[PDB]
Amino acid sequence: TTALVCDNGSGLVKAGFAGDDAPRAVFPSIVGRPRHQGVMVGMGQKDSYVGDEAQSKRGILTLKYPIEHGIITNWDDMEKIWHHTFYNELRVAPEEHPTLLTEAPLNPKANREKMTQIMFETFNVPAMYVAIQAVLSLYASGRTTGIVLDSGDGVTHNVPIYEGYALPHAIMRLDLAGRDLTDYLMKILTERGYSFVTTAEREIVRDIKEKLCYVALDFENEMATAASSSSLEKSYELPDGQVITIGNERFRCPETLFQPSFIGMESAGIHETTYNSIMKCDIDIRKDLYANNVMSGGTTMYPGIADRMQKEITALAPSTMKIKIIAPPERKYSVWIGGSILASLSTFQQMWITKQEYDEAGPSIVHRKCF
Amino acid sequence: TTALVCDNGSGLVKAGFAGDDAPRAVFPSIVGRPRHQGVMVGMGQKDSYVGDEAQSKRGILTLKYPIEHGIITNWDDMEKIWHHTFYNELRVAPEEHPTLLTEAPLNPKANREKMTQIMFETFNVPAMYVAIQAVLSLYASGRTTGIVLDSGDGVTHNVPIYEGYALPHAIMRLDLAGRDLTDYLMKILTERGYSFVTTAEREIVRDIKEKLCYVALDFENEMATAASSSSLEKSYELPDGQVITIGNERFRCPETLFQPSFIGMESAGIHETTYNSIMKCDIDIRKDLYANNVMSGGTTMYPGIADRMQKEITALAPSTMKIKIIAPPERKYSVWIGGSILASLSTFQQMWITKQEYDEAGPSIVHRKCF
Amino acid sequence: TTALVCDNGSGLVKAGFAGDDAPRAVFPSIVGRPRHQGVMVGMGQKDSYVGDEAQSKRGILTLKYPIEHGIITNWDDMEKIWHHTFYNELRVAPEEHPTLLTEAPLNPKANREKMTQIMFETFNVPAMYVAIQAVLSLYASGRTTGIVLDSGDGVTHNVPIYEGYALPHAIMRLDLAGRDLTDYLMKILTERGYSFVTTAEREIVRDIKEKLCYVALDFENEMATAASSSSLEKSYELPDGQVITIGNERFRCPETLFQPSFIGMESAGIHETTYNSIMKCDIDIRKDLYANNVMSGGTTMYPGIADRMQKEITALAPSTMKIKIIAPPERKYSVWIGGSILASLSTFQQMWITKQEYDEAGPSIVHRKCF
Amino acid sequence: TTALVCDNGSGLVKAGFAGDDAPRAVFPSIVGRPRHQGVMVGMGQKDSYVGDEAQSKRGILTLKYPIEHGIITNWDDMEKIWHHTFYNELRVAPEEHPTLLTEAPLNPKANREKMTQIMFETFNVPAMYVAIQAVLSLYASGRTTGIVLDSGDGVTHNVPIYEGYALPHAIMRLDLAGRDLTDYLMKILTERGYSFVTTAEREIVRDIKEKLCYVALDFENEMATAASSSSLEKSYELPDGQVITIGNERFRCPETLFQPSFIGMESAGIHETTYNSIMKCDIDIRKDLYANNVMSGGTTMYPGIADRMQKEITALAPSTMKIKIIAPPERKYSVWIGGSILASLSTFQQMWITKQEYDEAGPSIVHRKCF
Amino acid sequence: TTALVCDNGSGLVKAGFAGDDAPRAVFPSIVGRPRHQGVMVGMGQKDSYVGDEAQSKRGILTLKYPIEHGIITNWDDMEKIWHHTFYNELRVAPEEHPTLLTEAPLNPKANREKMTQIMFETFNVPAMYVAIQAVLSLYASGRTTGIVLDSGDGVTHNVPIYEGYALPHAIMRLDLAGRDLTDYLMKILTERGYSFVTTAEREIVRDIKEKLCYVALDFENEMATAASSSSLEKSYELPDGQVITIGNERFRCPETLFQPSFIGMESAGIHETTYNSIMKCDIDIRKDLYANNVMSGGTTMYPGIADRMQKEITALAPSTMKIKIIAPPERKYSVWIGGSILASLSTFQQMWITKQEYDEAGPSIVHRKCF
Ligand SMILES: C/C1=C\CC[C@H](C)OC(=O)C[C@H](c2ccc(O)cc2)NC(=O)[C@@H](Cc2c[nH]c3ccccc23)N(C)C(=O)[C@H](CCCCN)NC(=O)[C@@H](C)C1
Ligand SMILES: Nc1ncnc2c1ncn2[C@@H]1O[C@H](COP(=O)(O)OP(=O)(O)O)[C@@H](O)[C@H]1O
Ligand SMILES: Nc1ncnc2c1ncn2[C@@H]1O[C@H](COP(=O)(O)OP(=O)(O)O)[C@@H](O)[C@H]1O
Ligand SMILES: Nc1ncnc2c1ncn2[C@@H]1O[C@H](COP(=O)(O)OP(=O)(O)O)[C@@H](O)[C@H]1O
Ligand SMILES: Nc1ncnc2c1ncn2[C@@H]1O[C@H](COP(=O)(O)OP(=O)(O)O)[C@@H](O)[C@H]1O
Ligand SMILES: Nc1ncnc2c1ncn2[C@@H]1O[C@H](COP(=O)(O)OP(=O)(O)O)[C@@H](O)[C@H]1O
Ligand SMILES: [Mg+2]
Ligand SMILES: [Mg+2]
Ligand SMILES: [Mg+2]
Ligand SMILES: [Mg+2]
Ligand SMILES: [Mg+2]
């Protein structure tokens, strides 16, 4: 019965089977609650919508994510989703086969531990394993050496691996991610009278940025040219047919990844976060890391993110260092892909945590890391 | 013994049984009082006529409605009618079975509360329920999503429902209704020497408008073409054989629904009342509301009301929004039909307020709303 | 050559010049036709008497009013009168100067239109204007805010004006007027054997009521005290010296204005007609209207009409509202006075409809209303 | 000639001179248009009333605000007002001296830009400056550190300032404001049969809430005690002397500020809006912000708003944090007061935008922000 | 006018006068820059805060150290501090008297040279001298023989002195110091959801470790006992009242000094660094060094650092060697104390480098070392 791979991340959940080349089910990790009145209850109707069903009824629901900044903040809702994923969407009964879950590095221990508990107690998972998202992304590329820049709506992080050996001590992690980009866009659009405020509207704004936003190659020049009407300006058609003129914001929003101060984020831009994480490692390694900068995660789907990353990291490094950014198609699936690969590996099977094994050992087992 | 459905609205009362496809008894909610002399009393004769009996003797009675603008202004008379409805007209003894009553949203609480009191104290109703007229209208259509424009002689109102979930916060209500249309017609006909002034005459005028009036598709053009004698002009034959030439008024009266200022009504025309009520709701919903504009209530029987509504709402909305007005046959029965349907529902039975239940709880129970 | 002001109302015609403080000619709008035999024709003699000449020969003429309920019912006769007014009585040739005519609001359009036609075609009027009687009455008072209760033998009506701005939408009009009072008096006097039946006799009865009738302050008490012989009873001396004892009728006739049902008039008494017309207007206005109740028109010459009006309107209104009825001397001339004033205004001259202007434009021009 | 300070906000305009301790002229930013008929035009009379003159004639005008939600929606009308303010009401000729204008943060750029344009092109303003309302409010208090909760009928917003340094990144803004409170009150009063619907009536309702409404300290308990007749109930005397019994609504209306869902406002109550805005800022700052919660703006004149705010914010914060709400007298003038102070500052003079300076630079200059 | 002693180290600057028993001024060598917005400039306000003033305004500043790992990385900022130290904080004018500066051994020559330059060119220092921190520490103890383990937030180093004669050839130096401990603590606290990321927050974390951290005597046993809730766990109260539960980390952070690999530091723990530095020296000396292990510097304020150091160094050495660690009170002032002593010595005066002397000789003079 093989095994199930579930990219239970923030934003979207991507699930499919070990051995598949792509997730079979992709949908938002969103729980929607009937906003007006109470619910109905007596006439059924529903007091809870999940993912794409929440999207169908979006406008009458208060939308909540259970995961924020890579952390399961609302366990009740997350549990509800998990059920709705493989149990309802994939037509899978827990006990049929074991499953792979993921998380971003440097989470609170409790995040992983409680997640595990649920898999074994709420569900009948017959063996489970948790892996670092960035690591999986590298597996998807097939490389054994490089920097993984994994950036979603939850978190942005850098993992450094060299010839199969990870370097724990230099892993970087930022709260700065897609939701901050989204929130910033909601804010910045008030400059032109386009006030989005509800959770439902927030999702529209996300739709906008995923279609129109791009990374300024040279922000200064883009701002200069933005003083003149041009191809910069786009007309976004809303759900109710009214249209929005997007100007400078089309690139100013992505800009925040390189100038975090825009949103109050007292930090370094991702080009420096990356640079510095490389600087933290031995000089004997750095040369290779430079030429294997694997970029993945949905925020890296912005057009030009690779081009400008290349530009700025090149500027920071010595001119004699050759830098190469890897940015394949399907970056949005990279982690999941890695998972499919991982689970299909013969050797890997020894890493499974059997429910019984867990029951015998207890919580702490989920942090073991041999490979 | 099933249950009784009673559309106890202003204007007309339409009663029949739960499970019927149409009301069995339809008649005016009018109380007539012998105008000349006193009454008779000693020789019987009668000091009160109701509905169709008042119509028979119309010309010697002062006619009063007990309900005005959806509010039971004269309880004595309304009580008298209720008796005369099911007790006399339908041949029903209260206690045989429970009954469904209706009202327009945003009434004074006392309207519902006192009505309830009477059902349980004056009559022996063994369980009673009150429903919003617009909601019922939507049930009659069978849709779960849309705008209900319910307009009678009492009030005009807009209710927005989405996929089974009502949106309380955006319900609109106007005093502007059929009696204002009627009163205006009485007034406007003095332009041609046709002065109607009594309550009895008022009813004639109502008869006129229900036969000849129509909604101008393009009011301006109709006024222009009205400068020439044509098919516009009609000869109405009065009760005593004298005839009336109706001109421009044939459409100028319905015009007031779109230009309320004609009667001093500082408001927005119903095309804007509708438009705005949609604007009040989330952009994620508006698209669907546009395509499910359910129009019902007797004033919507004017020929062309749908055509022009379509025209003007289309003009207000974006050209990319598809708008569809639903305007079935039997719009005049829609609310009652919905009631028959509602009462026939198995689930619905839990909503009944048992007389005992009321007696135990008290007044406030009539505003509970779970479903 | 200034201009001519003509209060061409029902009952009496009052004409004088713009700038005069009172009409120069006042006489009945009555056409009398030799009742017995034919006429004479061959020996001249006359087949038509008008106004005061008809009064001279009253007893051998059938008297007809051309205007009834404010409407020119008999154009032939009205035309004849108009000639006899300014042409014969005032010694004026049409073309010397323009003229102001009046009418009660809510007349049939044709009333005004045909009147206009005659002024320009039968006569040589070099510019003409028609004004609402009530409006003019307010001008005579000099106020810019108030209720005008204008009541003659033709009609009774209420006009509401606020700070120079009329409120069309709340104008009230009743058929109930002086001729109904007169007719009722003719009828009620048969109780004591004083049967008046001819048109000539009708005029006597009018003379009676204009001398003896008064408004009961408290009708109930007056009826009670009327059971005892007192100052109530008066001896009216007829044209032939016989005398009439008037009792209760002396106030019971005016009573009908407050209890219209007495004459079959299914309506509200004038105290409620007034009250309600105020209720029809915005709460922000009503307070002022209460304190500016301008009463005018000949029927308001009954002693006590103001006192009782005050009483009953006060009762209807809230005790905190201050009510003041204006009832100057010369109420019988108020409309005409207003006309004199109006015509003397510099600004007003732009309102004249030049004969040529009319000829060019046509009928419809008489309903323009800019000021 | 000093300078002019003009709190050109929504609702009311408060103008006075730099150095004054209070505005000299305070009046509604309302434009009224003769509702019935047309206007008059030819006889003058007026086709436009502003502020207190519109209040005088309130009942015959359609009242419009030009500013809605802090945005000048109707420039024609706003221009008209500006003229009527200092030009007519204060007896000031533009060019005599420079002026200070204000606006709520996060407005559309065009709001400020167009406003500027008018000051320099329509008027002869010799130097102008625009400031954030909340900032000015803090200046009025004299503090350099704190939270400014500025809430009017337009918008509600939170600004955080620390030791003279603003924190742009954590400014909050809500549409939820006084007009929503007012509109809600209009609606909620239909429960007791007090239907207010016109723009004129809306102003009455505002008058009601400004006199009777208060903030429930414990809403639940107030609702419980509201089941019994008590001091809760008040008799409001309307403009026409009729009285209104206000019950639960007297506090249920203010309740919406803490439970926005009441009006469909999918948001957080102002106690959480405030709390969260503090949470958005560094832990090293939060302690001070807690003890300097400066509340201002006219909606904060509701009795008990401070008491309950204190209660709920205290509950949300840790028990060890000391919280202090500043709520001086003259909260309604706070912004203007700050303006007077600001303009009187020597240093501040460098911030003026000279008309010439603007003409040379152009639009963008109005968003400069050095201090 | 005596002389000034300035422990211009990383972390804190401790200044006082030659002859004093303790520094008069102690404050952080931190420069803070207004993080949000720009600054203010025009209204003054300040664009730079130093030490305790930066602490006052901590939360709105980006905090930077100018010294890192014992090296003045940012000269601009360090210069600024020096001014703010004696010039502003101590109320001293440079030229009043000569001054003693310090540094950690094995710095880049330029560190000392540039520092000197500034003292003579930026300031008017009339003679200056630079001494090795460890040497001074030994002077403070009063011993002439021993190992000085001087460990601050900048660097950790070992100096060996025997009977007044230093042994240059065996001086050890590590980057591993207090900031690594601090940074590690920031990281390790994410295990329990306590994410500190800003420079301001970093300072809080430092405050935490300086209050709660201690050195595990037996790390293994502490980890074992840490599996059970006990006295290990502490509740730290943050600046905003929220509390933090510190567990294992309370000793795991100090552990890194003995197992540097925890932070990627491929080195030997300080117990072996010390041991080995002794091994590097002649067997005829080692015996004495063992009995005079002078520990100083702020990181040695962790409770138990002496106890465990004793334990582990004893284990490494032969059982017959007597080992004694000196760990007086005021270890945090040791270097400065030594400086006060040094400057007060008569003989020592010959070591001063006169400004003129420097000007004549040039840069190289600062590395002379006779005594
Ligand atoms: C409508 C929408 C996007 C499309 C806007 C429309 C199609 O285009 C415009 O009309 C531009 C037009 C505009 C153009 C030019 C100009 O100088 C001043 C204003 N924007 C406004 O007026 C603002 C008015 C407004 C109210 N608070 C605000 C807060 C900030 C900014 C604006 C507003 N405005 C459209 C909205 O607020 C509305 C209502 C706000 C939602 C919650 N209440 N917005 C929305 O509901 C969502 C769907 C976003
Ligand atoms: N076309 C796109 N352009 C930019 N960002 C995108 C695009 N599609 C998705 N994203 C962003 O990627 C994130 C969602 O996908 P993903 O990053 O895979 O989520 P997660 O990594 O949390 O599973 C969001 O930030 C989303 O907006
Ligand atoms: N043929 C018609 N054309 C227009 N209006 C009609 C017609 N028949 C009935 N009406 C109007 O509908 C109202 C009466 O029916 P209805 O609206 O159902 O009353 P209610 O809704 O109050 O029960 C009146 O306004 C009536 O004039
Ligand atoms: N003394 C009076 N008392 C009561 N009514 C009078 C008196 N004089 C005239 N009227 C009434 O006024 C009307 C005639 O004058 P008027 O009202 O001015 O006529 P009109 O208004 O039609 O020009 C008649 O109803 C007449 O009886
Ligand atoms: N006594 C009061 N109680 C409550 N609210 C008030 C009171 N007086 C004024 N307000 C409200 O304050 C707003 C008007 O004053 P203000 O808030 O200063 O307007 P703005 O801030 O837009 O200038 C309105 O919401 C008004 O109802
Ligand atoms: N109570 C304490 N416990 C542990 N370390 C401390 C304590 N107080 C200060 N320190 C550490 O000492 C260093 C600061 O003082 P110090 O070591 O004298 O600085 P420096 O030596 O650079 O002048 C920092 O590492 C600081 O955290
Ligand atoms: Mg991801
Ligand atoms: Mg109906
Ligand atoms: Mg008259
Ligand atoms: Mg304000
Ligand atoms: Mg040190």
# chains A, B, ... in the order shown; residues from 1 in each chain; ligands from 1
>>> interface_residues(of="chain B", to="chain D", cutoff="7 Å", atoms="only C-alpha atoms", output="number ranges by chain")
B: 106-109, 169, 266
>>> residues_around(residues="residue 180 of chain B", least_positions_apart="6", cutoff="12 Å", atoms="only C-alpha atoms", output="list in words")
residues 68, 69, 151, 152, 153, 154, 155, 156, 174, 186, 187, 188, 202, 205, 206, 209, 253, 254, 255, 256, 257, 260, 261, 262, 263, 264, 265 and 299 of chain B
>>> write_last_selection(atoms="C-alpha atoms", output="CSV table (one decimal), in the first residue's frame")
chain,number,residue,atom,x,y,z
B,68,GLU,CA,-50.4,49.9,7.2
B,69,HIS,CA,-46.8,49.8,6.0
B,151,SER,CA,-42.9,44.4,-2.9
B,152,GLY,CA,-46.6,44.6,-1.9
B,153,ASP,CA,-48.9,47.5,-1.0
B,154,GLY,CA,-47.5,47.7,2.5
B,155,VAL,CA,-43.7,47.7,2.1
B,156,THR,CA,-40.9,47.1,-0.4
B,174,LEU,CA,-39.0,51.1,2.2
B,186,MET,CA,-55.6,59.1,-7.2
B,187,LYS,CA,-53.8,62.4,-7.2
B,188,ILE,CA,-52.4,62.4,-10.7
B,202,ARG,CA,-59.6,54.4,-3.7
B,205,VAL,CA,-58.3,53.3,-8.5
B,206,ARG,CA,-56.5,50.3,-7.3
B,209,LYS,CA,-53.9,50.4,-11.9
B,253,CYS,CA,-47.6,56.0,-11.7
B,254,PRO,CA,-45.1,53.0,-11.9
B,255,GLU,CA,-42.3,55.5,-12.6
B,256,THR,CA,-42.4,56.5,-9.0
B,257,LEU,CA,-40.7,53.3,-8.0
B,260,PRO,CA,-39.6,58.1,-5.5
B,261,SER,CA,-39.1,61.9,-5.4
B,262,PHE,CA,-42.4,62.1,-7.3
B,263,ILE,CA,-44.3,61.5,-4.1
B,264,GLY,CA,-41.9,63.4,-1.8
B,265,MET,CA,-40.0,60.2,-1.0
B,299,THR,CA,-46.4,45.2,-7.3
>>> residues_around(residues="residue 214 of chain E", least_positions_apart="6", cutoff="6 Å", atoms="only C-alpha atoms", output="number ranges by chain")
E: 251, 302-303
>>> write_last_selection(atoms="N, CA and C atoms", output="PDB file, in the first residue's frame")
ATOM      1  N   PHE E 251      21.384  26.151  31.774  1.00  0.00           N
ATOM      2  CA  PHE E 251      22.745  25.683  31.894  1.00  0.00           C
ATOM      3  C   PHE E 251      23.318  25.252  30.549  1.00  0.00           C
ATOM      4  N   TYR E 302      29.196  33.658  35.774  1.00  0.00           N
ATOM      5  CA  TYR E 302      28.229  32.573  35.860  1.00  0.00           C
ATOM      6  C   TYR E 302      28.527  31.738  37.090  1.00  0.00           C
ATOM      7  N   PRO E 303      27.538  31.474  37.931  1.00  0.00           N
ATOM      8  CA  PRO E 303      27.629  30.669  39.116  1.00  0.00           C
ATOM      9  C   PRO E 303      28.111  29.289  38.755  1.00  0.00           C
TER      10      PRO E 303
END
>>> residues_around(residues="residue 90 of chain E", least_positions_apart="2", cutoff="10 Å", atoms="only C-alpha atoms", output="MDAnalysis selection string")
chainID E and resid 15:17 24:25 84:88 92:93
>>> residues_near_ligand(ligand="ligand 7", cutoff="10 Å", atoms="only C-alpha atoms and all ligand atoms", output="PyMOL selection string")
chain A and resi 7-14+70+102-104+133-134+137+150-157+296-299+331-336
>>> closest_residue(among="A:148, A:289, A:306, A:212", to="ligand 2", atoms="only C-alpha atoms and all ligand atoms")
A:212
>>> atom_distance(atom1="atom 3 (N, counted along the ligand's line) of ligand 5", atom2="atom CA of residue 207 of chain D")
8.8 Å
>>> closest_residue(among="A:279, A:288, A:225, A:355", to="residue 118 of chain A", atoms="only C-alpha atoms")
A:355
>>> atom_distance(atom1="atom CA of residue 224 of chain E", atom2="atom CA of residue 249 of chain E")
13.2 Å
>>> select_by_dssp(residues="segment 106-334 of chain C", states="strand (DSSP E or B)", output="PyMOL selection string")
chain C and resi 128-132+146-151+156-162+165-166+172-174+234-237+243-246+293-296+325-326
>>> residues_around(residues="segment 76-82 of chain C", least_positions_apart="4", cutoff="7 Å", atoms="only C-alpha atoms", output="compact mmCIF listing (two decimals) with C-alpha atoms, in the first residue's frame")
# COMPACT_ATOMS: atom_id res chain seq x y z
CA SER C 29 -69.83 85.53 -10.77
CA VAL C 31 -75.26 84.65 -14.85
CA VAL C 50 -74.37 89.53 -14.67
CA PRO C 66 -70.09 79.04 -14.31
CA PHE C 86 -62.89 94.63 -16.76
>>> atom_distance(atom1="atom CA of residue 110 of chain D", atom2="atom CA of residue 126 of chain D")
21.2 Å
>>> residues_around(residues="residue 146 of chain D", least_positions_apart="3", cutoff="9 Å", atoms="only C-alpha atoms", output="VMD selection string")
chain D and resid 138 143 159 to 163 288 to 294
>>> write_last_selection(atoms="C-alpha atoms", output="CSV table (one decimal), in the first residue's frame")
chain,number,residue,atom,x,y,z
D,138,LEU,CA,-0.8,64.0,20.9
D,143,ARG,CA,3.1,64.1,25.6
D,159,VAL,CA,-1.2,56.0,16.0
D,160,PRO,CA,1.8,55.0,18.0
D,161,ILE,CA,4.5,57.5,19.0
D,162,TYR,CA,7.5,57.0,21.2
D,163,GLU,CA,9.6,59.9,22.6
D,288,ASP,CA,5.2,52.9,28.0
D,289,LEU,CA,2.5,52.8,25.4
D,290,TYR,CA,0.3,51.1,27.9
D,291,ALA,CA,0.6,54.0,30.3
D,292,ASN,CA,0.0,56.7,27.7
D,293,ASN,CA,-3.2,55.8,25.9
D,294,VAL,CA,-4.4,59.1,24.7
